There are 2 protein chains.
Amino acid sequence: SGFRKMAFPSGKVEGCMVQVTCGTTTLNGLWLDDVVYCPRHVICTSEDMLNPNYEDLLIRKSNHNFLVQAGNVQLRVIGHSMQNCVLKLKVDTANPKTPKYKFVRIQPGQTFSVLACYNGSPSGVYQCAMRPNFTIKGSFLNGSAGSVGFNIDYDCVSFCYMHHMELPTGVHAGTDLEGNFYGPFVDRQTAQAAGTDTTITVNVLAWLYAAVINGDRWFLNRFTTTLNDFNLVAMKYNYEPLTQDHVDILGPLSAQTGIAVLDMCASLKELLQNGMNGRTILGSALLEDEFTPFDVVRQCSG
Amino acid sequence: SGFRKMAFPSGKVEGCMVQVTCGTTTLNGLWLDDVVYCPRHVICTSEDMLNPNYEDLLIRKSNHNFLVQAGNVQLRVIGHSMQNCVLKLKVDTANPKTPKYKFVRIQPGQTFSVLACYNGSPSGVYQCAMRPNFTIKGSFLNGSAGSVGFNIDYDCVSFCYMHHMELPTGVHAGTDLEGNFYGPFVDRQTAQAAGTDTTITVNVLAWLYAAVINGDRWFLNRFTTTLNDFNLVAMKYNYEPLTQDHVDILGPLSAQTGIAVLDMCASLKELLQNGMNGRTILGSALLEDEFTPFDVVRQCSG
Ligand SMILES: CC(C)C[C@H](NC(=O)OCc1ccccc1)C(=O)N[C@H](C=O)C[C@@H]1CCNC1=O
Ligand SMILES: CC(C)C[C@H](NC(=O)OCc1ccccc1)C(=O)N[C@H](C=O)C[C@@H]1CCNC1=O
C-alpha cells in the first residue's frame, strides 16, 4: 500500500540523450537510429529569439555548424532538415541503445514522465499532467530545452513531449515529437499567455478511489447524484465536465471498491461545497488532479 | 523555474535488478560484480515468516535451491552466505553493467530515490525521505521486497536502502545494504509499531526558501526570532528542534534570497500558530518536509 507521485524508470531514455551545440547555444537532443531531434531555436543567437525567421536562419548554416556530443563521443552531422518546430539532424552513427519507440500526441488530462536534462546529461525524473490549457507545471531551468516527456508501454517508449520554453507565469510549453506545439504557442520570445486552467475532474475521482483503496474513507456518504446535477455544480468551481466515457473509464476502480462512480461524485460534490475542514486525503489538503485512472490502477493493483 | 518532487534518473540501477526465486517465494535482488544481494526472508515459506530461525533455514538449502534470473538469462549460484538481514548470493558471472557504487547508511531527514520493482522488473521511481521514526512513506505492493533506494553522486551510485516489509500503519521498513535495519524492526511477521513521527524542520525551512525563489512571498514578515524562542514553539507542534548546524546548512539559500535563517523561522513560527487560511505555498496547503536543503539547491540553481 501507499501512494506516491511515481514516474516511469528512465533508463531507456537516458541512452538517447545528447548535447547539441550550434554557435554559443547548447541544449539537449534526442538520438534515435541515425537522427537527432532537438528544438529548432538552437540555431538562434540571443538576438534572433525576438523575431526569428527560421527558414532564413537555417539556410545560412551547414552541417559543420552543429556540434553533437553523446557523452565523450562526437557525432558527425551528415544532413539537416526542419520539421515544424523541431530540427532533424541526420548523423553518421545509428544509436545502438535505440529502444522500441513511437511518437504519440497526448490529450489534456493525460500524464507522462519528464527526464530533465542539461548539456545532454540526465538530471532528474518527475511525473506531470498535460493541463487543459496545454501547458505543463514542470520544473525547468535555463538549458533544459530538448528534455523529453514519455510513457512506457510494456517494452515500448512512447515519446509525447519535447520541452521548448517557459511562459511568464512560470509554466512550461513544448511540442510533440513531430514539432507541433501543444497549445496556441510559438517559439519566439514574445508575450504569450496561457488560457485559464481548469481542474481535471476524472483524475480527482480516480484519486479519491486511490484514497479509499488505501483506507481514507471519511469523505464518503450515502447520497448519489446524476451526471447532470454533478456537472452543474462542477462548472461553478472550474472543474471539467464529466462524461459517460469518464464514468466507464472509472469502472475498474468502482468494481474494486464497490463504490459506484455517481456515488463518489456525490462525495466530490460535498467536498467542493464544504471543503476539507482541516482533514487530509492521502497526505494532501487539496484535491489532486494529476493521476489518471490508469495511474491509480497501475499503482494500487499493478 | 517550478518545483517538483524529483527523483534521480534510474538507468544505472535498472541494470542491476534481478529476480530471485527460492521455493515458491520470488522477490528482487541487486546484482553488483558477482554478488546478488536480496532480503533473507526469500528463504521462508508462508509458514516460516511467523517465527523464523534463519540460521536453521539457511543450512537446509543448497546453491541450487536459488533461482536467479537477469531478464532472460539464468545466473548460476556458486555460493551463499548471510550478512545480518540480507542474503549474499555469489554467482558465476560478474554484472557487466555494474556502476561505480558504494553502500551508505543515511540519517533521518535525508532523501533518496526508490526504484520499485516486481519480479526483477523495474516498475516506477519516486522520491522519499527517511522519517525521524526510521520508516519511509513508500508505495509498495506484494513482491516489492529487494527494491532499493539510492542517491547519485556525480557518477557514483550510493545505495542506502533495501525494502523488506510493510508495517500495520501502511508505512515501510527496510535495511541498509549491509543488512542492518533502519529503526527497531525485525524481519518476522510479528506486531511491531513505529514510534511517533515528527516533522523535519530544517526541510520545511528549505522548502519555504524554494517558495521564495519561485515567487511565493505572502508568508514573509519583518520579525525575527532566536533559536531558543523558535525551538520552544516548535516542540509544541511536534517539530524537530533546530540547531546551528541546520542554520549553517541553510546558508546558501539564505544568501541567494537575502532572507536570514532566523528571519524565515519567524515566518514559520507564524504559520504554525495561525495556519495558512486557505492560501497555498508551491501548490500545497500543508508544510512540506521531504526536500532537503541540497534538494532545493539542486533544483533551484542546478
Ligand atoms: C522559445 C525561445 C524564445 C527560447 C525560450 N524562451 C523563453 O522561455 O523565454 C521566457 C523565459 C526566458 C528565460 C527565463 C525564464 C523565461 C528559452 O529561453 N528556453 C530555454 C532553453 O533552454 C528554457 C527555459 C528557460 C527557463 N526555463 C525554461 O524552460
Ligand atoms: C518480513 C517478512 C515477514 C515478510 C513481509 N511482511 C510484511 O510486510 O507483513 C505485513 C504485511 C503483509 C502483507 C501485506 C501487508 C502487510 C512481507 O510480506 N513483505 C513483502 C515482500 O515482498 C512486501 C510487503 C507486502 C505489502 N507491501 C510490502 O512492502
Side-chain angles (χ1 to χ4, degrees), chain A residues 3 5 137 170 197 199 204 207-208 211 216-219 237-239 267-268 270-290, chain B residues 2-5 109 129 131-133 137 196-242 246-247 250 253-254 257 259-293 295-296:
Chain A
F3 205 70
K5 226 140 210 193
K137 303 198 140 226
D197 207 13
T199 297
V204 175
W207 179 76
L208 293 176
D216 259 333
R217 303 178 61 94
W218 64 261
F219 50 83
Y237 292 93
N238 235 39
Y239 271 56
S267 295
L268 184 45
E270 266 334 290
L271 287 172
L272 294 172
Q273 277 146 216
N274 304 303
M276 331 259 282
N277 305 341
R279 283 101 92 223
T280 64
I281 303 183
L282 284 175
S284 171
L286 310 166
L287 295 161
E288 167 81 64
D289 76 344
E290 295 211 346
Chain B
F3 205 70
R4 284 280 190 178
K5 226 140 210 193
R131 303 304 307 172
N133 66 1
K137 303 198 140 226
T196 68
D197 207 13
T198 56
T199 297
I200 305 150
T201 308
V202 64
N203 284 5
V204 175
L205 292 162
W207 179 76
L208 293 176
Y209 279 109
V212 175
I213 290 169
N214 279 272
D216 259 333
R217 303 178 61 94
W218 64 261
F219 50 83
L220 293 175
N221 58 37
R222 62 179 203 295
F223 318 104
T224 289
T225 181
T226 52
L227 213 29
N228 295 274
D229 281 288
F230 177 77
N231 283 330
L232 220 44
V233 22
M235 250 70 111
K236 310 182 172 113
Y237 292 93
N238 235 39
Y239 271 56
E240 282 298 300
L242 206 66
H246 295 148
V247 173
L250 291 164
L253 293 178
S254 179
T257 65
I259 296 157
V261 179
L262 285 162
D263 207 314
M264 188 80 71
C265 288
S267 295
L268 184 45
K269 157 169 175 93
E270 266 334 290
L271 287 172
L272 294 172
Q273 277 146 216
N274 304 303
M276 331 259 282
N277 305 341
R279 283 101 92 223
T280 64
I281 303 183
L282 284 175
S284 171
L286 310 166
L287 295 161
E288 167 81 64
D289 76 344
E290 295 211 346
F291 298 91
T292 71
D295 299 338
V296 171

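Residue numbers begin at 1 in each chain, while the letters A, B, ... track the order of the sequences.
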At their closest point, which heavy atom of B/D229 faces which heavy atom of B/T225, and how far apart are they? CB-OG1, 3.2 Å

Work out which heavy atom in B/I213 is nearest to a heavy atom in B/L253; give both atom names and the distance. CD1-CD2, 4.2 Å

Would you find a donor on one side and an acceptor on the other, under 3.5 Å apart, between the side chain of B/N214 and the backbone of B/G2? yes

Which heavy atom of B/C265 sits nearest to which heavy atom of B/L242, and what is that distance? SG-CD2, 3.6 Å

For B/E290, what residues pass the side-chain hydrogen bond (donor to acceptor under 3.5 Å, both in side chains) criterion, not counting sequence neighbours? A/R4, B/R131

Using side-chain contact (heavy atoms from CB on, under 4.5 Å) as the criterion, list what pairs up with B/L232, not counting sequence neighbours. B/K236

For B/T224, side-chain hydrogen bond (donor to acceptor under 3.5 Å, both in side chains) partners two or more places apart: none

Between A/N274 and A/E270, what is the shortest heavy-atom contact and its length? ND2-OE1, 2.6 Å

Between CD of A/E288 and CZ of A/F3, what distance do you get to the nearest 0.5 Å? 8.5 Å

Tabulate below the donor-acceptor pairs under 3.5 Å that side-chain atoms of residues 201-208 of chain B make, not counting sequence neighbours, or state none.
{"unit_1": "B/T201", "atom_1": "OG1", "unit_2": "B/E240", "atom_2": "N", "d": "3.2"}
{"unit_1": "B/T201", "atom_1": "OG1", "unit_2": "B/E240", "atom_2": "O", "d": "2.6"}
{"unit_1": "B/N203", "atom_1": "ND2", "unit_2": "B/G109", "atom_2": "O", "d": "3.1"}
{"unit_1": "B/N203", "atom_1": "ND2", "unit_2": "B/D289", "atom_2": "O", "d": "2.9"}

Using the side-chain contact (heavy atoms from CB on, under 4.5 Å) criterion, which residues pair with B/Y237? Sequence neighbours excluded. B/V233, B/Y239, B/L272, B/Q273

Once you round to the nearest 0.5 Å, how far does OG of A/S284 lie from CG of B/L286? 6.5 Å

Report yes if some heavy atom in the side chain of B/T199 is under 4.5 Å from a heavy atom in the side chain of B/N238; otherwise report no. no

Determine whether more than 12 heavy atoms belonging to other residues, nucleotides or ligands lie under 6.0 Å from atom CZ of A/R217. no

By side-chain hydrogen bond (donor to acceptor under 3.5 Å, both in side chains), which residues pair with B/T292, not counting sequence neighbours? B/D295

Rounded distance [0.5 Å steps], CG in A/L271 versus CZ in A/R279: 8.0 Å

Kindly compute the distance separating CG (B/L287) from CZ (B/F219), expressed to the nearest 0.5 Å. 9.5 Å

Before giving the answer on side chain to side chain contact (heavy atoms under 4.5 Å, CB included), spell out for B/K5 and B/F291 the whole-Å C-alpha distance, their side-chain angles and the decisive distance to 0.1 Å. CA-CA 8 Å; B/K5 226 140 210 193; B/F291 298 91; 3.9 Å; yes

Supply the atom-to-atom distance B/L262 CG to B/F230 CZ, rounded to the nearest 0.5 angstrom. 9.5 Å

I need the minimum non-hydrogen distance between B/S254 and B/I259, along with the two atoms involved. OG-O, 2.9 Å

Shortest non-hydrogen separation from A/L282 to A/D216 and the atoms involved: N-OD2, 2.9 Å

